[PDB]
Amino acid sequence: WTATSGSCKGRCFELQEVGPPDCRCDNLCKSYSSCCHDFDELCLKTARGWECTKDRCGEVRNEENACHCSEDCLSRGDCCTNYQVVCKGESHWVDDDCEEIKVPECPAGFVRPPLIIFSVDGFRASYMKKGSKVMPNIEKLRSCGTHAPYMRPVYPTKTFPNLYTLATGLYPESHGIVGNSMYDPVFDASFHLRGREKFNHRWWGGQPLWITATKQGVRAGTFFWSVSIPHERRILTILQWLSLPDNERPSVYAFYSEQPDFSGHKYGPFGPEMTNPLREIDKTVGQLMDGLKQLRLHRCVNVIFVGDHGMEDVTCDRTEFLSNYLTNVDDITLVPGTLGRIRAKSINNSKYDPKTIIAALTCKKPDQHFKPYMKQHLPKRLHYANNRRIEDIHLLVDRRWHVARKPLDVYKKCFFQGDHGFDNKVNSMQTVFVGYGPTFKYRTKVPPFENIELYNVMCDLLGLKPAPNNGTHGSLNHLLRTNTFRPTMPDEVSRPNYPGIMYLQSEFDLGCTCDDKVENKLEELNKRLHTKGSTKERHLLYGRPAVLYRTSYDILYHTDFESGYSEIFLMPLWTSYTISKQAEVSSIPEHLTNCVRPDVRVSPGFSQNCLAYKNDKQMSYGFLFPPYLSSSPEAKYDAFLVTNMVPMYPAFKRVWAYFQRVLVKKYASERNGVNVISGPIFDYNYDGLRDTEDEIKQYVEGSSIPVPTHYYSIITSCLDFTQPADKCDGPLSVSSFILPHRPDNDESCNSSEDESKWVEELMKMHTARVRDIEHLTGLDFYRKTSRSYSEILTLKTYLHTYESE
Ligand SMILES: *[C@@H]1O[C@H](CO)[C@@H](O[C@@H]2O[C@H](CO)[C@@H](O[C@@H]3O[C@H](CO[C@H]4O[C@H](CO)[C@@H](O)[C@H](O[C@H]5O[C@H](CO)[C@@H](O)[C@H](O)[C@@H]5O[C@H]5O[C@H](CO)[C@@H](O)[C@H](O)[C@@H]5O)[C@@H]4O)[C@@H](O)[C@H](O[C@H]4O[C@H](CO)[C@@H](O)[C@H](O)[C@@H]4O[C@H]4O[C@H](CO)[C@@H](O)[C@H](O)[C@@H]4O)[C@@H]3O)[C@H](O)[C@H]2NC(C)=O)[C@H](O)[C@H]1NC(C)=O
Ligand SMILES: CCCOc1ncc(-c2ccc(C(=O)NC)cc2[N+](=O)[O-])cc1C
Ligand SMILES: [Ca+2]
Ligand SMILES: [Ca+2]
Ligand SMILES: [Cl-]
Ligand SMILES: [K+]
Ligand code: NA
Ligand SMILES: [Zn+2]
């Protein structure tokens, strides 16, 4: 019930929300059907339009007008945005030459530069170049302020997931808004774009910027606008709030625009009908900037121009139907569109089986335009699994396509020419970032970054302390003139042991053999110094990684490679080696094919054994440092040490062997040498965090050798590839992957072909940030470089996407 009989007289767009059943006048009252009777009349005036004309100049104040051209309007803070241009011979903001803003130039009373977030739905990254002729305001913001070629949204590339990520710094799996449409098994409730349930506070986790600000004593304008409030009214409202007395005036504001997304759904991302929407957005920007300039706030305010996702071409004829794959199509519910989410229609059906559903959706048609996944098998870079609201079965849909249940769902619902929601590495999904103001840099391009990073910066811009989030704080310092947050390296928790020769061959009963029984003063001093660390400067280029948890491990040195060996997991946590441009691939000689050697530095009780692998019919084994790249026939023996061994499914061995034998050498040639750090990952509870011992769901049969869920590699070289990896003087260049450790290659539909036809494709899909690898291993890389910590932070958050230009 709402008792809509109160009034909005002097309450228009009140900042505090009044409690039911009293009537409301907040910018969200229309969406709850709870505005006072006189809201439209008093608060949504439209009389005479949005612009001053020559004849309105110096007029008599008529309170009915939407905005004013009277003499007293500047004091009232309620002029039309063009008042000074029309009536005082001033010029539009866009027509002024841009001058650097070395310091905030604010009116007296301002405790800090305010922040305006200008959000534009569906603003594809390419619109910046492709629409530059029709967006002079936006283009001035971009070229005078700080900008990125594009900003990467989060998956799923939808509105609410992305706007709430901006607001919180969190992955959707952590903030809860994991789609535009959701079911929560625990609440037994559903979340839709239409309706009431989307307003209930239990869906929304984390701590959004407006709450972060309020708790720390910074006042916030209300971020949301009811859909029927015209854009011009939103701008005038923000401008009005900026005129308030120092004690009531907010420090952070938000504007949202439904365009260009609304039009892009109808016309496609580049429909000729798209030029007008891009013009209107620019005009709106102009109005804001002209309004700020009237109030002397245009060299005081920080403006963030930001999109939620891009837009792709999608039509009805490009829809795949699950009814062409499944018989039991009515025992299932599907969340449809640019992503698939399948669950049972009824929990009382005990015959429904996810296993056979996946199988039935796997590589069934030669051109298939979606791929089924158990959520835990989705690429780790998507961070899309650890939430009860994400269904166990997910369909990653090809760019340009749709997935629906039955064909009736499509025609009983062609309407659209555009859509979005695909994998967030897809070019057409990229969106924009521009920052303009005294705290941002002047005329500066920065590299592409991810939207999870903005929350921290917005907090820096406001003098706030961020709530714990998934940004990496300091990784976007290069955006800022000042107010930079100065981060320290996390402290190492566990210090390594450095074991020497402590055990005799005969103490090992591992069930391993090696043909290593063939027999000098010059060359024996040489191997000693290698096992103490004479080549360590060569293979450990950026320091040893720090172990940020409590554990027991050993550093092991060798001619060709260095490792941190875990006595708890019985394998290395990491192995580090450098392959230079000139290095040569060799084979595994016949006599050493099944050779596994005891490591005399590590006790039998902390080693694996061959018998476990013999007795396990499913599991085989592999090596972290590849024997193929041994520097000499003698060094090659080191690669067969039981401490270099890790568990591998024969299906995964095909992947790993091709990566080690072919791809490593390929990258060394292309990149002028590479440093490689490789290791196992354990994430049985799919939270993106390193599992402790008691979380491991699978061991090698009849042993305590734990099975990794993934294998990573970090490949580093010099950004200036004229300098070889091992002698680099400048910035570094990195790419990484987190390969799922799977007993079959069902994910790659071409896996019965030669490895050169599918392997590198799989690796690309599983590309990763070093930071992803850090969360999953509890290690901290790049501890000793000649580079600044902020710059390293940026490097760690880099993602190599393999998307073209
Ligand atoms: C990205 O960044 C985020 C933010 O930093 C990272 O997530 C954090 O990770 C922490 C570790 O996983 C986690 O800490 C836990 O806190 C638990 C209490 O949680 C409440 O309080 C927080 C803080 O205010 C709040 O944010 C939470 O809100 C969640 O839950 C509701 C729904 O229930 C949602 O509204 C909201 O969206 C959010 O959901 C998300 O997070 C939770 C994780 O808590 C997930 O379950 C959801 O799927 C969703 O993703 C909560 O209101 C606390 O209970 C935990 O403590 C247990 O474990 C410790 C280990 O130290 C142990 O000592 C304790 O015994 C305890 O175990 C007991 O309970 C167990 C389970 O019932 C049981 O098995 C045991 O036997 C014990 O009885 C834990 O310390 C922190 O909450 C989240 N924060 C957020 C916002 O998600 C994230 O890791 C980052 N991602 C990456 C990849 O780096
Ligand atoms: C810094 C990000 C601010 O966070 C947000 N900003 C705007 C919205 C929002 C979403 C949809 C619509 C709409 O009209 N859809 C038809 C309107 C608004 N709105 O006006 O607020 C949501 C959020 C979380
Ligand atoms: Ca959107
Ligand atoms: Ca985990
Ligand atoms: Cl969705
Ligand atoms: K085996
Ligand atoms: Na296959
Ligand atoms: Zn949309």
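All residue numbers refer to positions in the sequence shown, counting from 1. Just follow the structure's listing: the first ligand is 1, and inside any ligand the first atom is 1. As a basis for the values below, the full set of heavy atoms in this structure was taken, side chains included, without hydrogen atoms, waters or symmetry mates.
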Exercise for review: Give, for atom CG of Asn424 and atom CG of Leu382, the distance between the pair rounded to the nearest 0.5 Å.
Suggested key: 6.0 Å
Study note, to complete from the structure: Checked the Ca ion (ligand 4): protein N, O or S atoms closer than 3.0 Å come out as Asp683 OD1, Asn685 OD1, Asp687 OD1, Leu689 O, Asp691 OD1
Report, one line per pair, each donor and acceptor closer than 3.5 Å where one atom sits in a side chain of residues 353-363; sequence neighbours left out.
residue	atom	partner	partner atom	Å
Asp353	OD1	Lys355	N	3.3
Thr356	OG1	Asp353	O	3.2
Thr362	OG1	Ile358	O	2.6

Check your understanding: ring pair (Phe, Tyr, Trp, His ring centres under 6.0 Å) with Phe737: which of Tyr667, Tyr712, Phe659?
Key -> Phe659
Review point. Are the aromatic ring centres of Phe682 and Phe569 under 6.0 angstrom apart?
Key: yes
Exercise for review: Using the six-membered ring wherever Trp is involved, compare the ring planes of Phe508 and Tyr503 and label them parallel, tilted or perpendicular (cut-offs 30° and 60°).
Suggested key: perpendicular
Check your understanding: For the side-chain contact (heavy atoms from CB on, under 4.5 Å) test, which of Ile332, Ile342, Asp331 pairs with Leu326?
Key -> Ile332
Check your understanding: Do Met648 and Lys653 have side-chain heavy atoms sitting under 4.5 Å apart?
Key -> yes
Review point. So, is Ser748 placed with an N/O/S atom under 3.0 Å from the Na ion (ligand 7), counting both backbone and side chain?
Key: yes
Check your understanding: Within less than 3.4 Å of the K ion (ligand 6), how many protein N/O/S atoms are there?
Key -> 3
Report all side-chain donor-acceptor pairs from residues 696-705 shorter than 3.5 Å, counting only partners two or more places apart or in another chain.
residue	atom	partner	partner atom	Å
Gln698	OE1	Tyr649	OH	3.0
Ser703	OG	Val700	O	2.8
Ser703	OG	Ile705	N	3.1

Exercise for review: Tell me whether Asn750 has at least one N, O or S atom under 3.0 Å from the Na ion (ligand 7).
Suggested key: no
Practice item. Decide whether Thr716 and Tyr782 meet the rule of one side-chain donor and one side-chain acceptor closer than 3.5 Å. Key: yes
Practice item. Output, in order, the C-alpha distance, side-chain angles, deciding distance and verdict of side-chain contact (heavy atoms from CB on, under 4.5 Å) for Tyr711 and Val646. Key: CA-CA 10 Å; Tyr711 281 104; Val646 289; 3.4 Å; yes
